[PDB]
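Visitor: Before I ask anything, let me first share the structure, which is written out below as structure tokens.
Throughout, read-outs are computed from the coordinates displayed, never taken from laboratory work. Methodologically, a virtual Cβ is constructed for each residue, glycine included, from the backbone with ideal geometry; neighbour enumeration extends over all protein chains shown.
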Amino acid sequence: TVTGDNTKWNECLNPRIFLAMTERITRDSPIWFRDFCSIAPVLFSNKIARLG
Amino acid sequence: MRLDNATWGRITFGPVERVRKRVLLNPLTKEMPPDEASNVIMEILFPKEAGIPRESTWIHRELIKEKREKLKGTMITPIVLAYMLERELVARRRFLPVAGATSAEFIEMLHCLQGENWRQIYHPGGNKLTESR
Amino acid sequence: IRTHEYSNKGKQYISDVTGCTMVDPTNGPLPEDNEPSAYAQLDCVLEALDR
Amino acid sequence: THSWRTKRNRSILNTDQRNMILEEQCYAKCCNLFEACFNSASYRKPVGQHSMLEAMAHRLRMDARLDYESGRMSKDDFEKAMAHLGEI
Amino acid sequence: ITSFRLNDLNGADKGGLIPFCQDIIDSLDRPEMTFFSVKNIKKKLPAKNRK
Amino acid sequence: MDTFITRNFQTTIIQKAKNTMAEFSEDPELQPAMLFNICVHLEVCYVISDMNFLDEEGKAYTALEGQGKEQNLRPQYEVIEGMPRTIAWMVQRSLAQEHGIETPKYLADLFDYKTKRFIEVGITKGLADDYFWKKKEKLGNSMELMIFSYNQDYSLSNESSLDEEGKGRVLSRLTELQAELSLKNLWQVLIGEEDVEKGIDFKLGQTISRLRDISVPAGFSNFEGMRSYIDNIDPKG
RNA sequence: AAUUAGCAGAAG
RNA sequence: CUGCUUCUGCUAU
RNA sequence: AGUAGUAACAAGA
Ligand SMILES: [Mg+2]
Ligand SMILES: [Mg+2]
């Protein structure tokens, strides 16, 4: 049994993987729902951090 | 009243194997699902703006007319009456560690009932049902 | 800085909508050491979702 | 009496919050009159794609009409009510 | 919502979430946005301190 | 069709009909015949309650047009159709609870204070009797009926209330709209079954599509290619 | 065998 | 200038 | 000075 933890979870995941996950999960829904579910990882791949 | 008219037994010291199960926390009389119970409460307290007559109006018009009789000339804020009615009607089921007594008369005193290494016998008050027996 | 540090081997470009310096680590090269890596392969993700 | 309320009077230092109090008070006044007209607004979320002034106007018009025919409202009070609602 | 009403995006009065998100992505293709901002008056007052 | 609607009816009736269509999650410019049907239905329901008032005793008198409003307080009827679903349900439940009677399971189109009955108005296009006896199977006994048609027929319940001058005005308006629908060759536009199965419309704009095209992984050009790659290939092994 | 929000605490 | 989610608890300000 | 701790308070968000 491995008691584990992942380093840099928010710093190494990618919204371009989440876009592909919502494209492969919603592989039978109508086209409007696939556009709706693909908008959010698109906005998360163009995020601009404000520096406090 | 269910605790004042209740006798206690004896505490035993030994292992207790608790199983986590979804139990009802508090005893009721008419356990209704919360959307049906909300429609019933709207038909009791706010009958003008109540909406579409559903099937819940039909199988509970006795309770509706009786509670509208008993709450006729009262001056309490109606949202307090809505939440006392939903405390009277709506169930509340949670995942608790139970061991040997899962009825809502025994879950309301579960902290004093048993522990991981002791068990207190309890004989609650009020009345019970033949299905549990 | 630490987010762009684990992704700087991917395709860096400039967005023509805003003007920002976008960085694309996905489908990039494989890691070479035990450093944190953001280059997630797409075919492995789609095969894991196939399983 | 031990269910008292402690108003957290959020007032910043050297910040005269006149107008940001007045706009919040205007929203609160509109919602208080709407809850006066419709009593179940705090128990069930009111649905409807129309204006709040139209909903309140129809509810008060029907309320005056039912209060008139059941004797609870005099004819002069009913005339005052409909003469007010015609100017809204 | 009160700022989208100025830019002729009235899709929040349709009740649902889907016309509001349609209004969101129809705001990104606007040439100029108009909204309600908050500014202030920095009034000077006499006091008794270091400054 | 639509210019006939805008140039023959009035503004408030058209707006109430448009809102009534939008309440059922539909559009006007997919079914204009439904817009015409709802406009004529609401025009008839307002024609029944045109100038009928009650006096201080509670008896129905018909006043004269172009008079002072202050001697005419209580209208004889309540027009329930033409208001939104929450307003119409509030009106019907208020009138049902106030007069001590049962609230019907459906939204009636009128209320008669003098008879204290919920009235349902239908404007059919053929035999009014079959429309009547199909209405009488879903409603049955809770509502009075007023069925009219374009061929000068009328089917009413066991209690008849409208006089023959008002019924003549109703049937005359129906025949006038019949003549002006067949004159401009719009009746075949009305009759034809324009079935259309519809769903949610979510169209992406111009900038969000560009933001989606630059947000695809390496080895891809735009989003249609990435979507087809995900939907089509087999990534096993 | 089955059964509408606001705030706080913990975890991630 | 005190984010998101889950669970539990209290209340209906 | 000091509390503290990767940056602030030690009066004017
Ligand atoms: Mg761990
Ligand atoms: Mg109707």
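Visitor: How about segment B:5-96: which helices (runs of 4 or more DSSP H) wholly inside it have at least 2 residues that are touching a strand residue (DSSP E or B) at 6+ places or on another chain (Cβ under 8 Å) and within 14 Å of chain D (Cβ to nearest Cβ)?
Guide: In segment B:5-96, the matching helices (runs of 4 or more DSSP H) lie at B:34-45.
Visitor: Considering only segment F:210-237, how many residues are within 7 Å of chain C (Cβ to nearest Cβ), under 25 Å from residue E:29 (Cα atoms) and not aliphatic (A, V, I, L, M)?
Guide: Total meeting the criteria: 2.
Visitor: Exactly one condition in (1) within 16 Å of RNA strand H (Cβ to nearest atom); (2) within 16 Å of the chain's Cα centre (by Cα) is false for residue A:6; which is it?
Guide: Tallying (1) within 16 Å of RNA strand H (Cβ to nearest atom); (2) within 16 Å of the chain's Cα centre (by Cα), residue A:6 fails exactly one: (2).
Visitor: Could you check segment F:98-201 for strands (runs of 3 or more DSSP E) lying wholly inside it with 1 or more residues that are more than 16 Å from ligand 2 (Cβ to nearest atom)?
Guide: F:144-149, F:154-156
Visitor: If residue B:100 satisfies all but one of (1) without any contact (Cβ under 8 Å) to a residue 40 or more places away in the chain; (2) over 18 Å from residue B:15 (Cα atoms); (3) exposed (fewer than 15 other Cβ atoms within 10 Å of the Cβ), what's the number of the condition it fails?
Guide: (2)
Visitor: Another question, if that's okay. Out of segment F:81-97, which residues are under 20 Å from residue B:57 (Cβ atoms) and either within 11 Å of ligand 2 (Cβ to nearest atom) or facing another protein chain (nearest Cβ under 9 Å) (or both)?
Guide: F:85, F:86, F:88, F:89, F:90, F:91, F:92, F:93, F:94, F:95, F:97
Visitor: Can I ask one more? Given the conditions (1) β-branched (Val, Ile, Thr); (2) more than 19 Å from residue F:220 (Cβ to Cβ); (3) in contact with a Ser or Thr (Cβ under 9 Å, 6 or more places away or on another chain), and given that residue A:1 satisfies all but one, which numbered condition is not satisfied?
Guide: Unmet condition: (3).
Visitor: Could you tell me which residue of segment B:103-133 is farthest from RNA strand G (Cβ to nearest atom), considering only residues that are of a type in the set (S, T, N, Q) and without any contact (Cβ under 8 Å) to a residue 24 or more places away in the chain?
Guide: Looking at the filtered set, the residue picked out is B:127.
Visitor: Would you point out the residue of segment D:5-47, among those that are away from RNA strand I (no atom under 16 Å from the Cβ) and of a type in the set (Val, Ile, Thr), that is nearest to the chain's Cα centre (by Cα)?
Guide: Across segment D:5-47, the extreme among qualifying residues is D:47.
Visitor: Look through A:27, A:16, A:34 and report the one residue that is more than 16 Å from RNA strand G (Cβ to nearest atom), over 30 Å from residue C:35 (Cα atoms) and in contact with a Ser or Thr (Cβ under 6 Å, 6 or more places away or on another chain).
Guide: A:34 is the lone residue from the list that is more than 16 Å from RNA strand G (Cβ to nearest atom), over 30 Å from residue C:35 (Cα atoms) and in contact with a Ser or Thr (Cβ under 6 Å, 6 or more places away or on another chain).
Visitor: Does residue A:45 meet the test of being more than 16 Å from RNA strand I (Cβ to nearest atom), surrounded by 14 or more Cβ atoms within 10 Å (Cβ to Cβ) and part of a loop (DSSP other than H, G, I, E, B)?
Guide: For residue A:45, the condition - more than 16 Å from RNA strand I (Cβ to nearest atom), surrounded by 14 or more Cβ atoms within 10 Å (Cβ to Cβ) and part of a loop (DSSP other than H, G, I, E, B) - is met.
Visitor: I'd like to know if segment A:14-36 contains one or more residues that are in a loop (DSSP other than H, G, I, E, B) and facing chain F (nearest Cβ under 7 Å).
Guide: Yes, that holds for at least one residue.
Visitor: Right, another one. Could you count how many residues in segment C:10-37 are farther than 23 Å from residue A:21 by Cα and out of contact with any strand residue (DSSP E or B) (no Cβ under 8 Å at 6 or more places or on another chain)?
Guide: Residues that pass the stated criteria total 8.
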